[PDB]
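Enquirer: Structure incoming, see below.
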Ligand SMILES: CC(=O)N[C@H]1[C@H]([C@H](O)[C@H](O)CO)O[C@@](O)(C(=O)O)C[C@@H]1O
Ligand SMILES: [Ca+2]
Ligand SMILES: [Ca+2]
């Protein structure tokens, strides 16, 4: 494989560390499809954004790939007051106590798949699936979704071993094998 963006070896134990990838948005802003593969260790059980790409200074205008105590999912929201929507695809899963590996796969005209620890944990069949191209972005973060001020930013605590972003779907086979390294 070959990523358009590669982040790794990150420790996020408090609010301020906390990885600002805003300066990289031009790489992701036009993606209608793609894949995110990330290896991580969570410390809390609340909804935590592993990666949040968001507008503003807005409340509900964001992409969020999140993990929970018992869930994995993503949101793509808008906001703006014209063509507004709230997408939410998630799955009940059981994580390793320690290190976990997930992948979100988006394929334009097909839909979405979520992988975790070498299993396909969710299939979304949607020929009209949307991705980053569908919202305006002015903020990017690994470890939270940047939101207005009174809205929950899904603060992550723990470590991120790696975070690879691709501009193409990427085979199920590869994704099963990479995430499967933490089966
Ligand atoms: C992944 C998920 O379910 N997100 C939802 C969150 C969480 O349930 C709470 O923030 C948990 O405290 O709640 C909302 O009201 C919000 O904050 O915008 C709606 C949003 O879709
Ligand atoms: Ca853990
Ligand atoms: Ca903020």
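In the authors' numbering, the protein residues as written are 5 to 187.
All C-beta atoms in this analysis are idealised placements derived from N, C-alpha and C, irrespective of residue type, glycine included.
(1) Along the beta strand (DSSP E) that carries residue 165, what are the first and last residues, could you check?
(2) Quick one: residues in its chain with C-beta nearer than 6 Å to the C-beta of residue 168, no 5 flanking neighbours on either side, listed in chain order?
(3) For the alpha helix (DSSP H) containing residue 176, name the first residue and the last one.
(4) Can you list, in chain order, every residue whose CB sits closer than 7 Å to a heavy atom of ligand 2?
(5) Which runs of the alpha helix (DSSP H) at least 4 residues long sit entirely within the stretch 40-101? Give them in chain order.
(6) Does DSSP classify residue 186 as helix, strand or coil?
(7) Does the distance between the C-beta of residue 151 and the nearest non-hydrogen atom of ligand 3 fall short of 8 Å?
(8) According to DSSP, simplified to helix, strand and coil, what is residue 159?
(9) If residue 117 and residue 127 are in contact, beta carbons under 8 Å, what's the gap, nearest whole angstrom?
(10) On a Cα-Cα basis, can you pick out the residue from 82, 23 and 51 that is closest to residue 64?
(11) Using 8 Å as the cut-off, classify the Cβ of residue 90 as near or not near the heavy atoms of ligand 1, replying yes or no.
(12) Who are the Cβ neighbours of residue 57 in its own chain at under 6 Å, not counting the five residues just before and after it?
(13) So, with DSSP's three-state summary, where would you put residue 111?
(14) Since residue 123 is in the beta strand (DSSP E), which residue starts that stretch and which ends it?
Expert: This is what the structure holds:
(1) Along the chain shown, one-based indexing puts residue 165 at 161. 162-170 is the span of the beta strand (DSSP E), which, as asked, contains residue 165.
(2) Start at 1 with the first residue of the chain shown, and residue 168 comes out as number 164. Closer than 6 Å at Cβ, skipping near neighbours: 7, 10 and 41.
(3) Position 172 of the chain shown, counted from the first residue, corresponds to residue 176. Segment 176-183, the alpha helix (DSSP H) holding residue 176.
(4) 45, 46, 47, 101, 102 and 162
(5) none
(6) Locating residue 186 in the chain shown gives position 182, where the first residue counts as 1. Three-state DSSP puts residue 186 in a helix.
(7) Locating residue 151 in the chain shown gives position 147, where the first residue counts as 1. Yes - ligand 3 has a heavy atom lying nearer than 8 Å to the Cβ of residue 151.
(8) Here residue 159 refers to the residue found at position 155 of the chain shown. The answer is coil: DSSP assigns residue 159 none of H, G, I, E or B.
(9) For the purposes of this step, residue 117 is taken as residue 113 along the chain shown, with counting starting at 1. For the purposes of this step, residue 127 is taken as residue 123 along the chain shown, with counting starting at 1. Their Cβ separation, rounded to whole angstroms, is 6 Å, which keeps residue 117 and residue 127 in contact under 8 Å.
(10) Translated into the one-based positions of the chain shown, residue 64 becomes position 60. Measuring from the Cα of residue 64, the nearest candidate turns out to be 82.
(11) Within the chain shown, the letter at position 86 stands for residue 90. Yes; taking the cut-off as 8 Å, the Cβ of residue 90 has a heavy atom of ligand 1 nearer than that.
(12) For the purposes of this step, residue 57 is identified with residue 53 of the chain shown, where counting begins at 1. Correct list, in chain order: 67, 141 and 144.
(13) Your numbering for residue 111 matches position 107 in the chain shown. Of the three classes helix, strand and coil, the one that applies to residue 111 here is strand, per DSSP.
(14) For the purposes of this step, residue 123 is taken as residue 119 along the chain shown, with counting starting at 1. First-last of the beta strand (DSSP E) with residue 123: 123-129.
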